[PDB]
Amino acid sequence: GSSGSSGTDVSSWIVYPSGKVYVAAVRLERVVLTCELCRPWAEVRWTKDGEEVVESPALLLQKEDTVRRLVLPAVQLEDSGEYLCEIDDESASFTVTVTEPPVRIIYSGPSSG
(Lines give C-alpha, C1' and ligand atoms only; values in the text may rest on other atoms or scores of the structure.)
Protein backbone atom coordinates (compact mmCIF):
# COMPACT_ATOMS: atom_id res chain seq x y z
CA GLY A 1 0.00 0.00 0.00
CA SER A 2 0.90 3.68 0.26
CA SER A 3 2.16 3.44 -3.32
CA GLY A 4 1.85 5.98 -6.12
CA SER A 5 0.16 5.35 -9.46
CA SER A 6 1.72 5.58 -12.92
CA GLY A 7 1.44 4.00 -16.35
CA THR A 8 3.07 3.92 -19.78
CA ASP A 9 3.79 1.76 -22.82
CA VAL A 10 6.37 -0.53 -21.21
CA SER A 11 7.31 -4.10 -22.10
CA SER A 12 10.10 -5.14 -19.73
CA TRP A 13 10.94 -2.91 -16.76
CA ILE A 14 14.11 -4.87 -16.01
CA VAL A 15 16.40 -3.79 -18.84
CA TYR A 16 19.36 -5.55 -17.23
CA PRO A 17 20.48 -8.01 -16.49
CA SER A 18 18.62 -9.93 -19.21
CA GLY A 19 18.18 -13.26 -17.45
CA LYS A 20 19.65 -15.20 -14.53
CA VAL A 21 22.90 -14.11 -12.88
CA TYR A 22 25.20 -16.05 -10.56
CA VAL A 23 27.22 -14.32 -7.85
CA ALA A 24 29.63 -15.88 -5.35
CA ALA A 25 30.34 -14.05 -2.09
CA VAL A 26 32.16 -14.79 1.17
CA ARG A 27 31.31 -14.35 4.85
CA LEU A 28 31.47 -10.61 5.49
CA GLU A 29 32.32 -9.92 1.84
CA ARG A 30 31.56 -6.80 -0.19
CA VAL A 31 29.30 -7.59 -3.15
CA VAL A 32 27.77 -5.30 -5.77
CA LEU A 33 24.60 -6.21 -7.66
CA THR A 34 24.04 -4.64 -11.08
CA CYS A 35 20.43 -3.89 -12.01
CA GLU A 36 19.59 -1.25 -14.61
CA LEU A 37 16.17 0.02 -15.69
CA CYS A 38 14.59 1.54 -18.79
CA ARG A 39 13.35 4.43 -16.65
CA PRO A 40 15.11 6.93 -14.34
CA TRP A 41 12.16 7.57 -12.03
CA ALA A 42 11.54 3.82 -12.04
CA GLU A 43 11.43 2.60 -8.44
CA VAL A 44 12.55 -0.97 -7.75
CA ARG A 45 12.21 -3.35 -4.80
CA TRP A 46 14.37 -6.31 -3.80
CA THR A 47 12.67 -9.40 -2.36
CA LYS A 48 14.36 -12.26 -0.51
CA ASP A 49 12.38 -15.51 -0.44
CA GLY A 50 9.09 -13.81 -1.28
CA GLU A 51 9.71 -11.22 1.43
CA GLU A 52 10.95 -7.68 0.82
CA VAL A 53 14.48 -6.69 1.82
CA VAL A 54 14.76 -4.13 4.62
CA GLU A 55 17.59 -1.61 4.97
CA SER A 56 20.15 -2.50 7.64
CA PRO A 57 23.79 -2.12 8.76
CA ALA A 58 24.49 -5.32 6.83
CA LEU A 59 22.68 -4.47 3.59
CA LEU A 60 23.21 -1.17 1.77
CA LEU A 61 20.87 -0.27 -1.10
CA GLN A 62 22.66 1.74 -3.79
CA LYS A 63 20.78 3.78 -6.39
CA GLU A 64 22.32 5.30 -9.52
CA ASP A 65 20.94 7.71 -12.12
CA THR A 66 19.03 5.13 -14.16
CA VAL A 67 20.62 2.02 -12.67
CA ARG A 68 20.29 0.49 -9.20
CA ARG A 69 22.76 -1.59 -7.19
CA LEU A 70 22.78 -3.52 -3.91
CA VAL A 71 25.98 -3.29 -1.87
CA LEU A 72 26.58 -5.35 1.27
CA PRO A 73 29.32 -4.16 3.67
CA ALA A 74 28.86 -7.42 5.58
CA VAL A 75 27.12 -10.60 4.41
CA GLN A 76 26.37 -13.86 6.20
CA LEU A 77 26.12 -17.53 5.20
CA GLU A 78 22.43 -17.18 6.06
CA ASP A 79 21.98 -14.37 3.53
CA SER A 80 22.96 -16.83 0.80
CA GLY A 81 19.73 -17.59 -1.05
CA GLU A 82 17.71 -16.16 -3.92
CA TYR A 83 17.69 -12.40 -4.45
CA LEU A 84 14.74 -11.41 -6.64
CA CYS A 85 14.62 -7.75 -7.67
CA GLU A 86 11.02 -6.80 -8.45
CA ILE A 87 10.06 -3.47 -9.99
CA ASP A 88 6.44 -3.65 -11.14
CA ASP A 89 5.29 -6.91 -12.74
CA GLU A 90 8.70 -8.43 -13.50
CA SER A 91 11.59 -9.61 -11.32
CA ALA A 92 15.33 -10.12 -11.73
CA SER A 93 17.04 -13.32 -10.59
CA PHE A 94 20.18 -12.75 -8.53
CA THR A 95 21.91 -15.82 -7.10
CA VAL A 96 24.22 -14.95 -4.20
CA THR A 97 25.93 -17.98 -2.67
CA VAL A 98 28.02 -17.26 0.42
CA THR A 99 30.71 -19.65 1.66
CA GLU A 100 33.40 -19.79 4.34
CA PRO A 101 36.51 -17.66 3.66
CA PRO A 102 40.10 -18.98 3.47
CA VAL A 103 42.41 -19.47 6.45
CA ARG A 104 42.83 -16.19 8.32
CA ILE A 105 43.07 -16.89 12.05
CA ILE A 106 46.83 -16.88 12.64
CA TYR A 107 48.07 -16.94 16.23
CA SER A 108 51.76 -17.07 17.12
CA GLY A 109 53.85 -16.65 20.26
CA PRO A 110 56.53 -18.08 22.58
CA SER A 111 55.05 -21.28 24.01
CA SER A 112 55.54 -20.67 27.73
CA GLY A 113 56.30 -23.61 29.99
# chains A, B, ... in the order shown; residues from 1 in each chain; ligands from 1

$ select_by_dssp --residues "region 2-109 of chain A" --states "strand (DSSP E or B)" --output "ChimeraX atom specification"
/A:14-16,21-26,31-37,45-48,51-52,56,59-63,67-72,81-86,91-99

$ residues_around --residues "region 54-59 of chain A" --least-positions-apart "2" --cutoff "6 Å" --atoms "only C-alpha atoms" --output "list in words"
residues 72, 73 and 74 of chain A

$ write_last_selection --atoms "C-alpha atoms" --output "PDB file, in the first residue's frame"
ATOM      1  CA  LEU A  72      26.581  -5.345   1.272  1.00  0.00           C
ATOM      2  CA  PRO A  73      29.321  -4.165   3.671  1.00  0.00           C
ATOM      3  CA  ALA A  74      28.856  -7.420   5.580  1.00  0.00           C
TER       4      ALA A  74
END

$ residues_around --residues "residue 11 (chain A)" --least-positions-apart "4" --cutoff "12 Å" --atoms "only C-alpha atoms" --output "ChimeraX atom specification"
/A:7,15,37-39,88-90

$ atom_distance --atom1 "CA of residue 93 (chain A)" --atom2 "CA of residue 19 (chain A)"
7.0 Å

$ residues_around --residues "residue 49 (chain A)" --least-positions-apart "5" --cutoff "9 Å" --atoms "only C-alpha atoms" --output "count of residues only"
4

$ residues_around --residues "residue 68 (chain A)" --least-positions-apart "2" --cutoff "6 Å" --atoms "only C-alpha atoms" --output "list in words"
residues 35, 36, 63 and 64 of chain A

$ closest_residue --among "A:33, A:21, A:92, A:12" --to "residue 60 (chain A)" --atoms "only C-alpha atoms"
A:33

$ atom_distance --atom1 "CA of residue 96 (chain A)" --atom2 "CA of residue 31 (chain A)"
9.0 Å

$ residues_around --residues "residue 79 (chain A)" --least-positions-apart "5" --cutoff "9 Å" --atoms "only C-alpha atoms" --output "VMD selection string"
chain A and resid 48 96 to 98

$ closest_residue --among "A:65, A:43, A:52, A:29" --to "residue 77 (chain A)" --atoms "only C-alpha atoms"
A:29

$ atom_distance --atom1 "CA of residue 67 (chain A)" --atom2 "CA of residue 25 (chain A)"
21.6 Å

$ closest_residue --among "A:94, A:107, A:22, A:13" --to "residue 42 (chain A)" --atoms "only C-alpha atoms"
A:13
